[PDB]
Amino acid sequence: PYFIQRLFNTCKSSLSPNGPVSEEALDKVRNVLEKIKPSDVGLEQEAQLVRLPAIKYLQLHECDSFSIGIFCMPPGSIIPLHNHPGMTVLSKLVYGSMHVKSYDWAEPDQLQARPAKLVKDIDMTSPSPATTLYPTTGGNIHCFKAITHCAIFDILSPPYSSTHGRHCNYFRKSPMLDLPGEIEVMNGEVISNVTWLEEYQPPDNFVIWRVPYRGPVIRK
C-alpha cells in the first residue's frame, strides 16, 4: 500500500481545482509516479501478457482537484484523438509498448478546421519516463495506439468536467483541402507540417469498459 498511498498523498498536497499549485509541486508528483511498478496498482498479472478490442478504464480516484485512472489496452486498440481543455496531465507507461501522437494548436484560442502543430509521433516502451501535458503545450491533443498489452497511469488536474466546460473533445483531420501545410503566426513564427483538425463525435467502434480497481487500497 506504500506507493499508491504516497502518490495519492502527494497529489492532495500538490494539486488544486485550478491545476498544479506550482511546477515544483508537480515535479514532486512526477518523482513519486516515476517509481511505479505493476504490483503497486495490482497489475502484475496483466503485466506478464506483454508478448475492435475493448479498453479497460480503472478509476482510482476522482475529486475536484484531480483524477487518477489507468487504461489497460490490448494490442492494436486505439484511444482516438482528443484534448484536455485547461488541464495538466501527468502520465506514465506502467508496462508494455504503445504509440503516442500529439499536437498543440498553432495559435491561441479565439466547429471549423483549426491548424495544429505536431509535438510527438513515437513509440514508447517500458520503462519510459513520465510525460506531462499542459493546457497549451506538451501536446494537449493526443491519441494512443497499443503495440503490446500496455497500461497508462494518468493523473489529471483539474479533472474533466462537462458542467465546468472541460469536455473530452475528439478530433479528426479535416477532409477539406486547399489548406496550407505551412503557416506564419504571431511574432513571425513559421510553423511547418501543420495538421488541420476539426471536432467530431468518436466512432461507435470506441468502447471503454469501466472496471473496478483491485490493487492496494487508498485511504482517502
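From 1 onward, residues are counted along the sequence shown.
Enquirer: From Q110 to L111, how many deposited residues does the entry skip: none, 1 to 3, 4 to 9, or 10 or more?
Expert: Gap between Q110 and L111: 4 to 9 residues without coordinates.
Enquirer: If you count the residues of the deposited sequence that sit between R51 and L52 but have no coordinates, do you get none, 1 to 3, 4 to 9, or 10 or more?
Expert: Unresolved stretch here: 10 or more residues.
Enquirer: Check the entry's C-alpha temperature factors for 111-119 and 85-93, then say which stretch has the higher mean.
Expert: Looking at the record's C-alpha B-factors, the answer is 111-119.
Enquirer: Do the CA atoms of 134-142 or those of 101-109 have the higher mean B-factor in the entry?
Expert: Looking at the record's C-alpha B-factors, the answer is 101-109.
Enquirer: Between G188, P38, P158, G69, let me know which has the highest C-alpha B-factor in the entry?
Expert: Answer for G188, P38, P158, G69: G188, with the highest C-alpha B-factor.
Enquirer: Tell me, please, which of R30, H164, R172, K56 has the highest C-alpha B factor according to the deposited entry?
Expert: Among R30, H164, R172, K56, the highest C-alpha B-factor in the entry belongs to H164.
Enquirer: When the modelled residues of the chain are sorted by Cα temperature factor, does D154 land in the lowest, middle or highest third?
Expert: Ranked within chain, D154 CA B lands in the lowest tercile.
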